[PDB]
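Those letters in the sequence shown? Residues 57 to 218, 225 to 459, by PDB author numbering.
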Amino acid sequence: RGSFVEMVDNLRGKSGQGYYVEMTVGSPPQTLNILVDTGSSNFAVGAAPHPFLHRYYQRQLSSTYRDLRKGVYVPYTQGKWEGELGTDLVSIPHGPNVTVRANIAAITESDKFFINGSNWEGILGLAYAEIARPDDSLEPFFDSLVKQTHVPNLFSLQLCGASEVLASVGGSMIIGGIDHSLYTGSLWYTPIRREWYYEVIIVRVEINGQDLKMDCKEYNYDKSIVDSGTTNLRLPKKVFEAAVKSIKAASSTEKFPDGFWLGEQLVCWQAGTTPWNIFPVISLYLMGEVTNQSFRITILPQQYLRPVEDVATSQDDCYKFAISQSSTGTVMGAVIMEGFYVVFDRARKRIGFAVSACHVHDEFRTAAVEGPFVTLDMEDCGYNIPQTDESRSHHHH
Ligand SMILES: NC1=N[C@@]2(CO1)c1cc(-c3cncc(Cl)c3)ccc1O[C@@H]1COCC[C@H]12
Ligand code: NI
């Protein structure tokens, strides 16, 4: 292999509203646009009329649909979806040339799930069974794909970032391999700490080469994950505050409102005059495959300042600050992923990063992937989430 031309450029979306892939469900195939989400584990599709849907999965039109006679209820921080579990035939038209029978949650009711204008009608959770709903016995889509076909247990994502409409985004999801045209330089791997989310360990953070000098467990409190289903780089409270202070200090020639640093207000410059060089690079050092090694991924303001073309100020280039506070750990969302070709090597329990052939940069700086960095007697930077009685009581047969 080494080339997967048919799968290149198979992702689309609107800026800040997620990346989606075309999928088919049912016999004959019904096409739907599906949000690619490495931060969840259910395949769920709109299956009833909704104000924001032009189309939905019509179960009655599929000769191959089977009802599982079981519902599923999925509340989360920003919304809720619920529906009926079933199985049907699924394919990815610009993916592997295979058809699999997968679990499909037919979304019958939701709140704040669908987005007006995002153009997606469902979600493809690519994470592990441990976080599937209702429970871990509901086989996720990728597991079914691997078990039913000869598709290698690996996928990779190249997310490429950007007056009346939001900017169109594009990218590639390569299923079953690595496409060498999508990256340059070295491909560096960090271990998947545990198979639930795509959990990783950050060992060090630098802002313009300056170490934040925190106990490294703070960087992974209470976890750090790689999440295509999050736009921002989200950082634990303490880390966020230290980062903002450092970025403010570096960009201090400009005095932005508090709203900007909160991601609640755009800041603008006259077209093509954005002073990129006043904003610092951000480096996250990730644990290497070798104990005592790390490598760093470095992003630019071109990644963490998101372009938004507002109607009133269409003469100007306007930006949203896309680093935000978390209480659920580090989330390496599109802000991180748009710099890199990211390999989800499930077979080898590791995540690969390389400089993306499509990342946004200037003639002075580039997003980078660099290593090795060796630390004598490296500490354990992993956080151990307190075990609840709820979690502990679960039997895992
Ligand atoms: N990983 C992740 N998945 C979440 C939340 O975090 C999500 C995200 C978005 C979404 C909306 N706008 C932009 C993007 Cl990138 C994603 C839309 C729906 C959505 O529902 C998911 C349902 O499962 C829990 C995690 C949810
Ligand atoms: Ni038991």
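For each residue, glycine too, the CB sits at the ideal point set by N, CA and C.
Cut-off 7 angstroms between Cβ atoms - residues of its own chain near residue i, not counting five sequence neighbours on either side
i, result
"residue 270", "312, 342, 343"
"residue 232", "65, 67, 68, 216"
"residue 272", "308"
"residue 472", "Nothing in the structure corresponds to residue 472, since the chain is present only between 57 and 459."
"residue 97", "181, 183, 184, 185, 187, 188, 196"
Alpha carbon of residue i to alpha carbon of residue j, nearest angstrom
i, j, result
"residue 298", "residue 268", "15 angstroms"
"residue 265", "residue 294", "20 angstroms"
"residue 366", "residue 119", "46 angstroms"
"residue 432", "residue 138", "43 angstroms"
"residue 296", "residue 94", "15 angstroms"
"residue 245", "residue 399", "13 angstroms"
"residue 117", "residue 83", "8 angstroms"
"residue 193", "residue 331", "52 angstroms"
"residue 133", "residue 111", "26 angstroms"
"residue 145", "residue 155", "6 angstroms"
"residue 377", "residue 413", "41 angstroms"
"residue 363", "residue 456", "44 angstroms"
"residue 195", "residue 188", "8 angstroms"
"residue 181", "residue 450", "25 angstroms"
"residue 141", "residue 114", "14 angstroms"
"residue 418", "residue 403", "5 angstroms"
"residue 421", "residue 77", "20 angstroms"
"residue 183", "residue 256", "11 angstroms"
"residue 219", "residue 225", "Between 218 and 225 in the chain the model has nothing, and residue 219 is one of the residues in that span."
"residue 453", "residue 185", "15 angstroms"
"residue 75", "residue 325", "21 angstroms"
"residue 459", "residue 323", "47 angstroms"
"residue 303", "residue 368", "20 angstroms"
"residue 320", "residue 131", "31 angstroms"
"residue 61", "residue 428", "26 angstroms"
Proximal residues to residue i (C-beta, below 6 angstroms), its chain only, five neighbours per side dropped
i, result
"residue 57", "239"
"residue 370", "328, 380, 382"
"residue 169", "135, 137"
"residue 435", "356"
Beta-carbon proximity of residue i to residue j, cut-off 9 angstroms
i, j, result
"residue 359", "residue 397", "no"
"residue 70", "residue 301", "no"
"residue 213", "residue 236", "yes"
"residue 88", "residue 174", "no"
"residue 126", "residue 166", "no"
"residue 254", "residue 391", "no"
"residue 289", "residue 395", "yes"
"residue 406", "residue 211", "yes"
"residue 333", "residue 385", "no"
"residue 198", "residue 410", "no"
"residue 208", "residue 129", "no"
"residue 260", "residue 443", "no"
Candidates the options, of which the one nearest residue i by Cα
i, options, result
"residue 438", "107, 354, 241", "354"
"residue 80", "73, 141, 176", "176"
"residue 356", "147, 347, 277", "347"
"residue 124", "131, 143, 115, 133", "143"
"residue 103", "97, 160, 85", "160"
"residue 105", "147, 178, 96", "178"
"residue 85", "63, 149, 172", "149"
"residue 99", "73, 162, 108, 121", "162"
"residue 316", "336, 324, 305, 304", "336"
"residue 171", "207, 208, 109, 164", "109"
"residue 388", "352, 283, 452, 445", "283"
"residue 275", "252, 107, 345", "345"
"residue 230", "257, 73, 96", "73"
"residue 147", "185, 107, 202", "202"
"residue 441", "258, 429, 318, 263", "263"
"residue 158", "101, 310, 326", "101"
"residue 446", "279, 218, 121", "279"
"residue 351", "448, 251, 63, 318", "251"
Nonlocal neighbours in the same chain, by C-beta distance under 8 angstroms from residue i, ignoring five residues either side
i, result
"residue 59", "241, 242, 243"
"residue 205", "152, 154, 156"
- Ordered list of beta strand (DSSP E) runs contained in the region 250-318, each at least 3 residues: 264-269, 286-288, 295-298
- Pick out the complete alpha helix (DSSP H) segments inside the region 369-425, 4 residues or longer, and give them in chain order. 396-399
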